[PDB]
Amino acid sequence: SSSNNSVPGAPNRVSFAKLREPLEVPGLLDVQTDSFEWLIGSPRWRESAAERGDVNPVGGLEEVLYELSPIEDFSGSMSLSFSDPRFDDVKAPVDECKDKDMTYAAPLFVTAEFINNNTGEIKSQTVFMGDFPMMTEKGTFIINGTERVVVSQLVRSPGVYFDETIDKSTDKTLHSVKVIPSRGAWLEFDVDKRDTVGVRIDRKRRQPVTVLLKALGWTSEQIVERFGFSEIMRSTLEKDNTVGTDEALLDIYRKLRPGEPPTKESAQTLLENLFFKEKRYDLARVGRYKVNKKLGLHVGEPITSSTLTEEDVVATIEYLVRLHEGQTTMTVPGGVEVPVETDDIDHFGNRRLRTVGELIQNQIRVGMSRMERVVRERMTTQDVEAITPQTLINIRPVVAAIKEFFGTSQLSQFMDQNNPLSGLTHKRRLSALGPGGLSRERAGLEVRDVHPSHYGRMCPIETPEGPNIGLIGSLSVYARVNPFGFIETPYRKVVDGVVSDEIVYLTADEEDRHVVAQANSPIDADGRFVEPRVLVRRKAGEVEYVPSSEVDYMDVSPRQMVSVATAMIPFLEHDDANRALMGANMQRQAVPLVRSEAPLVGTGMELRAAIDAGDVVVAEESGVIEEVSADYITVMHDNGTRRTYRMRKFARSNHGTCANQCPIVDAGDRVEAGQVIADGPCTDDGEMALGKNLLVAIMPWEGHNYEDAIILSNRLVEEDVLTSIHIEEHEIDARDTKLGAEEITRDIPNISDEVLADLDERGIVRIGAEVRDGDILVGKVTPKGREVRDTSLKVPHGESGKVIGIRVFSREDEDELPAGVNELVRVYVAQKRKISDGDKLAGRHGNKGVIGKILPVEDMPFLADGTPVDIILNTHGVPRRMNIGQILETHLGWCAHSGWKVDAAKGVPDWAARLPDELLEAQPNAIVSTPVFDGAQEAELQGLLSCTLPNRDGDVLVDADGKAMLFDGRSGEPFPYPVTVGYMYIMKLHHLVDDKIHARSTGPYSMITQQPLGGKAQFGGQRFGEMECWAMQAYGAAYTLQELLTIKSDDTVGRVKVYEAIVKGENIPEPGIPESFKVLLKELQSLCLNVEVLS
Amino acid sequence: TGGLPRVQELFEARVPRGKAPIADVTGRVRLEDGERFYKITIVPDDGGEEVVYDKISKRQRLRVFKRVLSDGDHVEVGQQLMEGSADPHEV
Amino acid sequence: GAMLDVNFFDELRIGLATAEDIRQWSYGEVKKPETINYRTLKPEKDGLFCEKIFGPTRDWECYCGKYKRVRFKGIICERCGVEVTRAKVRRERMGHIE
Amino acid sequence: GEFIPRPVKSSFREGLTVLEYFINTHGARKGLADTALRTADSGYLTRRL
Amino acid sequence: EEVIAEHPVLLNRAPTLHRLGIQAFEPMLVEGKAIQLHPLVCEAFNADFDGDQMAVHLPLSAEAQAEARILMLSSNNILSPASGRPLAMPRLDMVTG
Amino acid sequence: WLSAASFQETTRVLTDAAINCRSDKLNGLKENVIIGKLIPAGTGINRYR
Amino acid sequence: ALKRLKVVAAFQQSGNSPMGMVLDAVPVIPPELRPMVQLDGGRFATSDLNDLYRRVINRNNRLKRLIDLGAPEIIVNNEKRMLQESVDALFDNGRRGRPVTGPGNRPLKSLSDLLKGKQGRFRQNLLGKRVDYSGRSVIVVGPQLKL
DNA sequence: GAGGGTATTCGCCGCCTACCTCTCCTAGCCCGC
DNA sequence: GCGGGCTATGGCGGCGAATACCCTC
RNA sequence: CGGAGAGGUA
Ligand SMILES: [Mg+2]
Ligand SMILES: [Zn+2]
């Protein structure tokens, strides 16, 4: 039909979609918001759980307090308990915290009650628990003014996990189990070779498991009773080198805490303490449910216990032995049977998602345990009848752990704000590498893979292209996280061959049990497939045909496995996985162009990808615009209320990119609730527009577009077709310091008058002055209590552009400044960067390249009608890389730009029978959409190329094949053969040449080793690596290598004399001794080794 | 191994992956076939004493040289009995 | 041999260093775990940065200031005890802890 | 490492279905990851040589 | 333009897997902000034009420039030291043409 | 001991060299690079310099 | 006996004595090779070396005072153990027991660490170098150039 | 038991180069003015 | 009462040496 | 400009 009906102001973007849409894409940021409002226990989460989890709605803070409280002494004569966590209004609004530097947080209060167990006296208080960082409406925590995103983490779900490794001597199964606890102690039970079953409690020596049972008091008769079928455990029983119970108890204590009297009593106490407690060992409800499901112990009773039990361990061992030998299921008493099978720790049922709520809860948990130890300590060193709740509670650990998490964690990541899509993709990332997760250096090749359980939960595309290949995924479009933490993906319950609605959100485990059906399958609108054989992921991700009676469930859309940035690639199924991955990772790098243009051939996941990203100002409630200006819309509601939306004009994103927002409504229009009322950085009428539509030719041209390079027309430079605005943020502060008196003054000591012209009376450059590199921005003096160094902030190396805004925070104005400062002046310099040679334009299909030449518009291949092509892409890049989707995009872009009219004079064409109406005729510049896996077929492209409208005169410049007859503007003669032309959507990546060019003759040098400094920031010099010395040695060039390593790097006298020699006419001096070698000699001596240089 | 790991264990001469035994003296072979092992015994055509390669896993395949290795087949002073890779030190 | 350096080298030698060699290397002893005074922002005395052990922190400038001119060169300060020379000496001299 | 017995039956011109594309990504990601790890290993081998 | 005339400049690309990863060319000023690399040395440097960067090094001593002009000049390095096959051979667009 | 120390296992090489009191004849390429003297190869051979 | 002879003959053949393994003095690296950076705001960052040197000096002074003032042999032995551990941490931190960790539970860079790994002196400052008269830009194809 | 011959286990070492951007670099507490 | 200084368990392979288990005198 | 962490380019 068209784009959609859900969005009121949706542009009329017709779609080539054949299949319908049983479900609408959920809120894309809903994962973070709905996992944090669970943490703070907002009413909305309570309502959400009411129609589902009404049995026990408890928040994260409430759960932490319930697990912690009560806190009682050894005698039990007193107690401390918490309850009803409470939040107040945020101290300042989001913009204020972002501007100043305040974190966006709200107070947290808890009702603490102290009860004395020998007087009945109860003292209650409301204790302030610190300022709790809050989440904005998007999913971002503002920390120290900077905007951060807490990335979800794919940890391993705690619980029992078997496997079937193969030995080298026995060459049998060596089934090993590890009861992986949350904050617990590992109690592995391997099947060690030679038909021996053993334990490896914690990481200590491997005592047998019959020893563990003897420590449990189990009789050998009871063991061999419940272990009778097991020959291996019987062997480990009679062959155990241990008898009684005290022997085993003492044996465990020998390793638990060596160097202490291993009394039987202490062994019993520790045996109970390590595993069967709930204050040193907590499987957590997520782990407990997993264990119960795996062993089928308690199917009915609700989960109200997070500590192991004797039944758990004995069932673990029984399952282990039954897995050994060769069983198919087990029937442990008091529980339903469960199949015997190993565990794949890659399967998404065996690895869960620590959303932001879970991570913040865990850090609060460790802070609260630190406070609990302090309160227990102070519970015995203060006299009774003087203790009150407020005198025992020290908040410091909690407020410290919260800051520790939000400042110094791998998951609290600086948000990516290159373009509206980068942030939205950051907020929906599944990073498998955090504290408690895999390590990048250590992670192998079995984790860095695509699992068949990733279908519809993690995108098999859109992965980092470097060392993070596979450790950082992206959450699929329709996926959501269940209360435990596992991910679920919508399906469409098909019943008796009828593809019925009532979508059910299946998880990975239950997904395995049933048989899922592909939504692209031909449902005939009558609840019955056309052909009986439809491919389905059988059990272990085995695609196979099957009869309609076997099929259990169905996908929601042909577009469910892909993520939000991979769903914006048109003709995705025509690209190879590598190039689609490159394109998905590139759509997150396109810079916001000064003007935006939505694709002619987009997919459809661009209006929602912008209204769910939070950069388009969606109207809160329906109403009529009253006054619309560049800086404020004022919706006059249908109830007399006015809600003015303020537009953030020319702001700075996390990556120096402009954040323009402009209204797209008139003063008389009527808007509806949910309508886009203003554009954003990369947006056109509410849809993502990360690039521009350019006329492209696919010919090789004089070698300038050689080996992935690009040739651009000069029109893209003169017309600002690709002209991005960037803004840089320069800051400087005047610290109080011990000496005192630091002041931002205008008069610069030992300075010229002309250079001081720009600075205003205060000493700050006047806004609107083009501060070129080297110019003064803020004259700052350093009163080293005249002892005043003119350490003035200047336009850094490689900066330019006008000064658009100054922000100064004064102590005299009672501002929230850091400790020991008076002023925190800050400046913004903005610069418009046109596209030049070296910038890295790239389409959506992975066809990246760097502009090799910008030809003048005169000498460009021009069509028969004189229109010069805007860009030329080499032919040799397409067929090799298996990204033909770009060619189809080019053809459909030409069709959309030209407009068409299928002539149904006598019956519709055969190739257009299933083409939707409103697509049989399109006016010029008609934006279309081809959904990612259900779009324009090849025959339809052929037809729409066969019928297109003339341009101005009755001349069709592009024939049926799609190739035009171009004229070489450089020589004049027409090219001998027709050339493929069309309109392709390409994006200017944030890899401009202006940030990469860099050179050094001399400058700052390192301090410890006197080598030059590193980095383009402080001048710095490129590193002559170890393997660039091997090349020079292989060349035999000795003098060049010697000079490079001595008189250019760390021969200070050599360096200065070389400079003097070059500036004068004298020959280049001889080298000396590397300062690095002397540093090494001193360090070797410092170790305690009399290194000496004999003669 | 048949790639970069093979090159690494070659230049490091570690102990390949499967140390396929190699002949030590010329003469006929009296191989017997079992499970998880063989009995590749080489008669000392030189006139000394027989060579023994018995418990070496039968899962490892034999090698074809000049004729597939078999009982009665003649093996030279350094002909390899199994197939795959040989330990650089023993050769 | 060869003292500091100068490219006539051959046979760079290493070996275990005896306490006598260690005490010969050091130009003093460090017996106070201090680094620098905050108020004056100058090195402490007998610390890990003592100018009397490692050398001047400024070119031809004693700790007390009795000498700050080039002509005064090589004289050990009578008052503060730091040797007057170029600041680069702080890269070479070592201390030892008894 | 074993072959999928389906197999992929549509070229990149006709456009792969959802399952075919998924099972193709299966093998593509392994290639990318092994490329990264093998360049890491080859650097060390070259240094030792 | 007079100063840089006939002064070799060693262009380096990382990783410098083999000897020809460092080669010395003759610098020519070009309008822009990107080093212009002759298409034939791409195979030697293993360098394409999808965003790759390269380091530039300038030898100073008369000895150093002699190495850069004789030992390391690109035109003198046409054969691969590994096998002796030519590396400044036409490829891609040149082969098609 | 300098080349071996710079290659790998610096602590083991340095301690065993210290025990054995090994003297390093600076005759290699890596060592002449470390001390910043002409490498005994190519245009560093006594014949050519 | 062969493994032991490998170490015994080393001391036998040469004039060096095995008494160099036991230290009576400990050398202090020059300050400029272990400097402190005075960032604006009094944010003086002390290299990991200075912290360990301070630990050793503190314990040495403690043990010196305890011996000078007299103390039971048990306390003096405990202090000598702590001094031994401090010196062991200074030379090679984390080799024995729990590494001496500083702010935010990170082990400290001992003297042994300045000479090890890809970050150590040997493979960072000696083999590879940083050089002036050097620059870096993006490359584009120039087809009008000559080889 | 000593002793030796075999295994068995744990500690250590190693894991491409080059470059760009960003954010944090302590916390608790005890003594002094 | 507030400021400043002083102290405090998802890597993996190779390899060697520091050490369990069993026959012999 | 020293350390730790994160992201990214080839
Ligand atoms: Mg490239
Ligand atoms: Zn003085």
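Residues numbered from 1 in each chain as written, not as in the entry; some residues may be left out. Chains lettered and ligands numbered in written order. Part of a larger assembly, values for the part shown. Heavy atoms only, no water. Residues with missing side-chain atoms left out of burial classes, pairs and counts.

- Per the deposited record, the coordinates in this entry were obtained by cryo-EM to a resolution of 3.03 Å.

**Some details on the overall build of chain F**
Logical step 1: Within chain F, the regular secondary structure consists of three helices and one strand.
Logical step 2: For chain F, the succession of helices and strands along the chain, N to C, is α-α-β-α.
Logical step 3: The principal-axis extent of the C-alpha atoms belonging to chain F is close to 40 × 20 × 10 Å.
Logical step 4: The burial tally for chain F puts 47% of its 49 residues in the buried class.
Logical step 5: For chain F, contacts bridging at least 24 residues in sequence account for 21% of all contacts bridging at least 6. (Helix = DSSP H or I, 4+ residues; strand = E, 2+ residues; numbered from the N terminus. Buried < 20%, exposed > 50% of the residue type's maximum accessible area, 1.4 Å probe, protein only. Contact = heavy atoms within 4.5 Å.)

**A few points about the sheet that holds strand β50 (residues 928-929) of chain A**
Residues and elements named next belong to chain A.
Logical step 1: Taken together, the three strands give an open sheet; going across it, the order is β1-β50-β28, and neighbouring strands pair in parallel fashion. Strands with a single pairing partner mark the edges of an open sheet, and in this sheet they are β1 (14-15) and β28 (601-602).
Logical step 2: Bridge analysis of β1 against β50 gives two bridges, and the strand direction is parallel. Bridge assignment links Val14 to a residue of β50, and that residue is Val928. (Pairing = 2+ DSSP bridges.)

**Comments concerning the interface of chain E and chain A**
Logical step 1: Taken together, the 36 residues of chain E in the interface contact 37 residues of chain A.
Logical step 2: Of the roughly 3,100 Å² buried between chain E and chain A, counting both surfaces, carbon and sulfur atoms make up 65%.
Logical step 3: The largest per-residue losses of area from chain E upon contact with chain A belong to E:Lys33, E:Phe49 and E:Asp93, which jointly make up 21% of the total buried on that side.
Logical step 4: Viewed at the interface, chain A and chain E are joined by one salt bridge.
Logical step 5: The salt bridge involving E:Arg91 is made with A:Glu707; its shortest N-O contact spans 3.0 Å. (Buried area = accessible area lost by both parts, 1.4 Å probe. Salt bridge = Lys/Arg side-chain N within 4 Å of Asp/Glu carboxyl O.)

**A short note on the coordination of the magnesium ion (ligand 1)**
Residue and element names in this part refer to chain E.
Logical step 1: At the metal site, the magnesium ion (ligand 1) is ligated by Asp48 (OD), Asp50 (OD), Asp52 (OD) and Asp52 (OD), and these contacts range over 1.8 to 2.3 Å.
Logical step 2: If you list the donors of the magnesium ion (ligand 1) from N- to C-terminus, the spacing comes out as D-x1-D-x1-D. Take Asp50 and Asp52: they sit in the same class, and that class is buried. (Donors = N, O, S within 2.8 Å, 3.2 Å for Na, K, Ca; no water.)

**A few points about the interface of chain G and chain A**
Logical step 1: Each partner contributes to the interface: chain G provides 38 residues, whereas chain A provides 55 residues.
Logical step 2: Between chain G and chain A, a total of about 4,000 Å² is buried, with carbon and sulfur atoms accounting for 61% of that surface.
Logical step 3: Per-residue buried area on chain G facing chain A is highest for G:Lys129, G:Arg130 and G:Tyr133; these three make up 21% of the total on that side.
Logical step 4: Residue G:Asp40 is joined to A:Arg735 by a salt bridge in which the shortest nitrogen-to-oxygen separation is 3.5 Å.
Logical step 5: The tally of links from chain G across to chain A stands at 15 residue pairs in polar contact.
Logical step 6: At the level of secondary structure, the elements contributing two or more residues to the side of chain G that touches chain A comprise α4 (121-126), β4 (129-130) and β5 (134-141) of chain G.
Logical step 7: Residue composition of the side of chain G that touches chain A, grouped by class: 21 nonpolar, eight polar and nine charged.
Logical step 8: As judged from the two bridges shared by strand β54 (residues 1023-1024) of chain A and β4(G), these two strands associate in the antiparallel manner. Bridged to A:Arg1023 within β4(G) is G:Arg130. (Polar contact = N/O pair within 3.5 Å; in protein donor to acceptor, adjacent residues only side chain to side chain. Nonpolar A, V, L, I, M, F, W, Y, C, P; charged D, E, K, R; others polar.)

**Side note on unusual backbone geometry**
Logical step 1: Residues A:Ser69 and A:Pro70 are joined by a peptide bond in cis, for which omega reads -5 degrees.
Logical step 2: Relative to the assigned elements, A:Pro70 resides in the loop between α3 (60-68) and β2 (71-72).
Logical step 3: That bond from E:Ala14 to E:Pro15 is cis: its omega, 0 degrees, falls within 30 degrees of zero.
Logical step 4: Structurally, E:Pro15 is set in the loop between β1 (9-12) and β2 (22-25).
Logical step 5: If you check the backbone angles, A:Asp720 has positive phi at about 55 degrees while not being a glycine.
Logical step 6: Within the fold, A:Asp720 resides in the loop between α19 (715-718) and β37 (723-731).
Logical step 7: Positive phi values are uncommon outside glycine, yet B:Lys66 reaches one of about 60 degrees.
Logical step 8: Within the element layout of this structure, B:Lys66 appears in the loop between β3 (51-53) and β4 (74-75).
Logical step 9: The class for B:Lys66 is exposed, based on a relative accessible area of 65%.

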